[PDB]
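Asker: Okay, handing you the structure first.
Any read-out appearing in this document is the output of simple, stated calculations on the displayed coordinates, not a laboratory observation. We place every Cβ from the backbone using ideal geometry, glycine too, and count neighbours over all the protein chains shown.
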Ligand code: HEM
């Protein structure tokens with residue numbers, strides 16, 4: 001399974017493709033948003049904006065991009081337990097920016113494709129796989145947390 005090697009690989013590749021903090025975060029955020037405008041909606045953060053250029057290269061956007069980029073770092077690293085202070089994020093989302101269904105799947109997917117494309121020319125099939133699979137893992141964890149000791153019912 002996934003294992004050490006796999007994990008490392010994914011992690012590194014990610015890290016490499018990512019490298020560009022600001023850009024990285026912003027791009028991801030924008031896509032997600034335009035991808036799943038549901039995102040736009042949830043965002044009370046920014047919404048005066050809602051167009052091509054606006055998302056393309058927006059102040060706030062970029063700002064969030066970094067935070068986004070940065071955070072994931074941990075989750076994947078632990079290369080055993082992205083549970084750094086991942087709980088924190090989880091709680092956060094639970095309360096405000098909930099893990100709205102497919103939302104995360106989308107995020108994950110988009111991020112995946114984005115990266116590979118950006119700083120290839122890995123795509124290394126095996127690599128692509130983990131990457132996506134990795135996001136999957138993350139997602140599963142967060143939700144379990146949420147439902148079972150976050151709110152749930
Ligand atoms: C891997 C995915 C995500 C990571 C690691 C993440 C992380 C962060 C972080 C570290 C914060 C700073 C405050 C807090 O914590 O909450 C933030 C805030 C926030 N995120 Fe996320 N985020 C992700 C996904 C999402 C998604 C998918 C959305 C909505 C679909 C979302 C909506 C928010 C909102 C609304 C805030 C606060 C808005 C504001 O700041 O103003 N986030 N997120």
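Asker: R0 = 22 Å: FRET efficiency of residue 41 with residue 87, Cβ-based, nearest 0.05? Provide the component values of the computation, followed by the final result.
Answerer: Working: r = 26 Å, r/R0 = 1.19.
My answer for the efficiency is 0.25.
Asker: Further, regarding this structure: Just 49, 40, 29 to compare: in a GNM of the chain, with alpha carbon springs under 10 Å, which one fluctuates most?
Answerer: In this elastic network of the chain, the residue with the biggest mean-square fluctuation among 49, 40, 29 is 49.
Asker: Here's something else I'd like to know. Based on the Cβ-Cβ distance of residue 77 and residue 140, what FRET efficiency does E = 1/(1 + (r/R0)^6) give at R0 = 22 Å, to the nearest 0.05?
Answerer: 0.80
Asker: So if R0 is 22 Å, what FRET efficiency would residue 105 and residue 49 give, r being the distance between their Cβ atoms, rounded to the nearest 0.05?
Answerer: 0.30
Asker: Rounded, prolate or oblate: pick one for the chain, where a ≥ b ≥ c are the square roots of the eigenvalues of its C-alpha gyration tensor, a/c under 1.5 means rounded, and failing that, prolate if a/b is larger than b/c, else oblate.
Answerer: Here the chain falls in the oblate category.
Asker: Let me ask something else about it. Given the options 16, 77, 50, which has the most mean-square fluctuation in a GNM of the chain, springs set between C-alpha atoms less than 10 angstrom apart?
Answerer: 50
Asker: Ok, one more. Compute the separation of the alpha-carbon centres of segment 53-67 and segment 74-96 and state it in Å as a whole number.
Answerer: If we compute the Cα centre of each part, the gap is 23 Å.
Asker: Sticking with this structure for a sec: For segment 44-132, what does the alpha-carbon gyration tensor say about shape, rounded, prolate or oblate, given a ≥ b ≥ c as the root eigenvalues, a/c under 1.5 as rounded, and a/b over b/c as prolate? Write down the numbers at each step before the final one.
Answerer: Working: a/c = 1.92, a/b = 1.14, b/c = 1.69.
Oblate shape, in that a/c is at least 1.5 and b/c is the bigger or equal ratio.
Asker: Report the extension gain between residue 133 and residue 118 in nm, rounded to one decimal, defined as 0.36 nm multiplied by the number of residues separating them, less their alpha carbon distance.
Answerer: 3.5 nm
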